[PDB]
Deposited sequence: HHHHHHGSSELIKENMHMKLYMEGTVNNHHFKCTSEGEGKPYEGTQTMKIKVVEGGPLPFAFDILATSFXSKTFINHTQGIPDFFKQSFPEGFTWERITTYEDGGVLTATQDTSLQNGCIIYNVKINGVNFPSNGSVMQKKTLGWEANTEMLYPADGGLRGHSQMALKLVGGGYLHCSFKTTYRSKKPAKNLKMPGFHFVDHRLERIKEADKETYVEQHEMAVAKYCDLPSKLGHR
């Protein structure tokens, strides 16, 4: 994947609505695609300060930055120069849902993200609308081919002020802009993620996030096969 260098920059545009609060964000980032690490610096540029926890947006800000181990084919790095899209719905156990659609392209050496967010039904006294959340635990995504692309299933735990967790889960479809004939698809595998907030300011209108992500098989040996 020669177009994806050891170090890459990214730029992002996001617009969305959560319940009926409209906003726009931009971000600039850098990372090491083959090491599976990256940092994004994010600005809320319209609609700030947001009345909901920024944590619900965190997964919507970068699939080229996954260290693919154990010979697992890399759906995302193979997709350049054409790029790829993703689409996702996250459901929170207390009723809120966050839907996101995303385009990833490569333009003059910079990876470009365009994201649309539609979140609905977040409960008025829930931790998200009360801004009583404290970031995500690590998680393991489970992936396999489906629907002409790559399906992901994830489950994440959101830390709460006062202790304990709010659960969510999401279903993602990643779609390449290359035709299947020109891709080596992975089989069933996992991606371990640790998505962290490293800095913030001004009531979450400035946020820095770091992610480490590694594609791998399960640690445990198989009796069969």
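Student: What are the unmodelled segments when the structure is compared with the full deposited sequence, in sequence order?
Tutor: Residues missing from the model, as numbered along the full deposited sequence, span 1-8, 70, 235-236.
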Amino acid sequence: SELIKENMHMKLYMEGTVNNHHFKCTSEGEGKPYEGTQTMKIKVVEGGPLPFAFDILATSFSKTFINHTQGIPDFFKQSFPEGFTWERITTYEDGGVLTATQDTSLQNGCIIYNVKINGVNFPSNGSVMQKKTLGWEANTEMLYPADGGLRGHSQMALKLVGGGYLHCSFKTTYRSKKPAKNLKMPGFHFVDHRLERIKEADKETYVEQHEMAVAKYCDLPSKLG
From here on, numbers count along this sequence of modelled residues.
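Student: Averaging the C-alpha B factors as listed in the entry, name the stretch that ends up higher: 72-80 or 103-111.
Tutor: According to the entry, 103-111 carries the higher average C-alpha B-factor.
Student: Could you check the entry and say whether 45-53 or 190-198 has the higher mean CA B-factor?
Tutor: Result of the comparison: 45-53.
Student: Going by the entry, which third of its chain does the Cα temperature factor of residue 65 land in?
Tutor: Its C-alpha B-factor, which the entry lists for residue 65, ranks in the middle third among residues of this chain.
Student: Where does residue 130 sit by CA temperature factor within its chain: lowest, middle or highest third?
Tutor: Residue 130: CA B-factor falls in the middle third of its chain.
Student: Which third, lowest, middle or highest, does the CA B-factor of residue 24 fall in along this chain?
Tutor: CA B-factor rank for residue 24: highest third.
Student: Grab the CA temperature factor for residue 212 from the record and place it in the lowest, middle or highest third of its chain.
Tutor: Residue 212: CA B-factor falls in the lowest third of its chain.
Student: Based on the deposited C-alpha B factors for this chain, I'd like to know if residue 119 is in the lowest, middle or highest third.
Tutor: Lowest third, going by the recorded CA B-factors of the chain.
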